[PDB]
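Student: coordinates only, sequence not included:
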Ligand SMILES: [Ca+2]
């Protein structure tokens, strides 16, 4: 997160870190046994780390649980990043509490102008590299479909939306991928892509979660 703020420990209780020896992507806990993340975050050997603030210190609220199964969206295209969504089942159910909690799925899509909370352990510089140890947050609005498409000609599908600031300086970044965009208490996006980070006229692009709720629910029901 570029241009954000320190969230506070366990104030984003659905935020997870995906770990393969090191943090490499975020994710969102959607029930005791399932995480949603970005398909471009897929790898084997994932440990899901819940209840994290400092990803380099054991602080006392962590739950570390191996993935038992990963499911990349059937229509994920890694070239275009269309359908940049994947589900991860945990080998055991998380113990839900005040600091480890699921986030609601949307019942309807969000609109342009809605403020959202984006979070992650990604890069904090736009012309540099600095990775935080503690969770960073950004409040950002959803941008209109027309401004999103104008920012990124020929690249925005109906499964993507833009959020952030066309002026630059405030965005998600490398290492935030897969993490949440929550608007009025609903998971509306997944950190997906963008040109650089926090660049003028190049807002963040997010997977449009509301298009996938049917798939999510049926997949959970059968796995
Ligand atoms: Ca920790």
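Tutor: Looks like it arrived, so ask away. Residues are numbered from 1 along each chain as shown.
Student: which parts of stretch 49-64 are buried?
Tutor: Using 16 or more other CB atoms under 10 Å as the test for burial, stretch 49-64 gives 49-53, 55, 61-63. C-beta coordinates here come from the backbone N, C-alpha and C atoms, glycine included.
Student: hmm, I typed the wrong one, I wanted stretch 199-211.
Tutor: Buried, per 16+ other CB under 10 Å, within stretch 199-211: 199, 202-211.
Student: and those as CSV, adding distance to the ion and secondary structure?
Tutor: CSV is the format used below for the buried residues of stretch 199-211 (distance: CB to the ion, whole Å; DSSP: H, G, I helix; E, B strand; the rest coil):
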residue, distance to the ion, secondary structure
199, 31, strand
202, 32, strand
203, 31, coil
204, 26, strand
205, 29, strand
206, 26, strand
207, 26, strand
208, 31, strand
209, 26, helix
210, 31, helix
211, 33, helix
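Student: for those, which one is nearest residue 83?
Tutor: Nearest to residue 83 among those: residue 207, at 7.7 Å, using CB to CB.
Student: helices along the chain, start to end?
Tutor: Using DSSP state H, the helices of the chain run over 145-151, 213-221.
Student: nearest residue to the residue nearest to the spatial centre of the chain in space, please, no chain neighbours.
Tutor: Nearest to the mean C-alpha position of the chain, counting by CA atoms, centre = their mean, stands residue 179 at 1.6 Å. Computed as CB to CB, 6 or more residues apart in numbering, the closest residue to residue 179 that is not its neighbour in sequence is residue 26, at 2.6 Å.
Student: quick check: the closest residue to residue 124 other than its chain neighbours vs the ion, distance?
Tutor: Excluding the flanking residues, the one nearest residue 124 by CB to CB, 6+ apart is residue 130, at 5.0 Å. Applying CB to the ion, to the nearest Å, the value for residue 130 to the ion is 19 Å.
Student: wait, residue 130 touches residue 136, no?
Tutor: No. Residue 130 is beyond contact range of residue 136, at 10.8 Å (criterion: CB atoms under 8 Å).
Student: list the residues that contact both of these two?
Tutor: Residues touching both residue 130 and residue 136 (CB atoms under 8 Å, 6 or more residues apart in numbering): residue 124.
Student: that concludes my questions; thank you for your assistance.
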